Structures are given as structure tokens and as C-alpha cells.
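A single chain comes next, written as C-alpha cells; it is the form deposited in one PDB entry.
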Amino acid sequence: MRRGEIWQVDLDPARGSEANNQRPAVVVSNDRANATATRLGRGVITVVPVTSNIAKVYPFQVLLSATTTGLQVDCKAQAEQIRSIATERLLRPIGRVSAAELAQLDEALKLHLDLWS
């Protein structure tokens, strides 16, 4: 379990326009925290949900090509939907994002979370 891995996760129950249902998501917490998650067997890690709707890819979102990741179809990661989840919610590991996709996700996270300064 390391950063940039894509796992399937259970975001349910959810409310409003939040990411819902069982979705792929990208590990964005640093490998340090994730390592201690693995040591505890329980814990929280932070991930970015993915969505199928590729009609428009917004600046805070990053496009993942199913070729690169082992995803079933081309999807976009939504930094504006970022959220930390208990490791109970990790169902299965789908794949890994490319290093370029990861860099753009870092950059999208700075944009959405205002981490420029």
C-alpha cells in the first residue's frame, strides 16, 4: 500500500454531491503514514476518488488512461473529492497511476487545497 496506488473503495454512505458508491481511488497519503496504517492493521489513509464522466476534465481533476493503470475504463481523479478513509474501506488494489499523472495530481491538490504558499 503506497502513494499513487489505485484501490477500489467503499464511499457509501454519502450525502449531497459527494463521491458515492464503490469507486476506484488513488492513494495520496504519503508512504510514511500508510506504512503505519499497515503496522496497525487499522487506521486512516487519504485517497482521491475517481469518476467515469470524462466529458470535461477540470483543472482540479487529472485524467487517468485505463492503459496506464489497469483501470477498466478511462477515468478522472477528482482532487475536489479528496477524503481520508479507514483501511477497512480498501476492497482490492486495481493498479497504479503513472508518475506524470501523479505529478499533475500533486499540482491539482495544490490548486484545490490552496497549498501554493
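For every residue, the number given is its place in the sequence shown, counted from 1. Residues that one form lacks are left out of the comparison. Under this definition, the rigid core comprises the largest set of C-alpha atoms superposing within 1.5 Å between the forms.
Judged by the one-third criterion across other entries of this protein, residue 69, modelled here, is also modelled in every one of those that cover both its neighbours. Just going by the entry, 106 to 114 versus 4 to 12 on mean CA temperature factor gives the higher value to 4 to 12.
For the two regions 31 to 39 and 72 to 80, the entry's Cα B-factors average higher over 31 to 39. Note on the listed residues 55, 45, 62, 48: the highest Cα temperature factor in the record is that of 55. Annotation for residue 25: C-alpha temperature factor in the lowest third relative to the rest of the modelled chain, per the entry.
We do not show the form deposited in another entry, though everything after this point is about it.
Comparing the forms between the shown form and the other one on their rigid core, the Cα displacement of residue 14 reaches 2 Å or more. A shift of at least 3 angstroms brings the Cα atoms of residue 15 and residue 94 nearer to each other in the other form than in the displayed structure.
The pair residue 15 and residue 22 approaches in the other form: their C-alpha atoms are at least 3 Å nearer to each other than in the form depicted.
Taking a Cα shift of 2 Å or more after superposition on the rigid core as the cut-off, the single stretch of three or more consecutive residues that moves between the shown form and the other one is 13 to 20.
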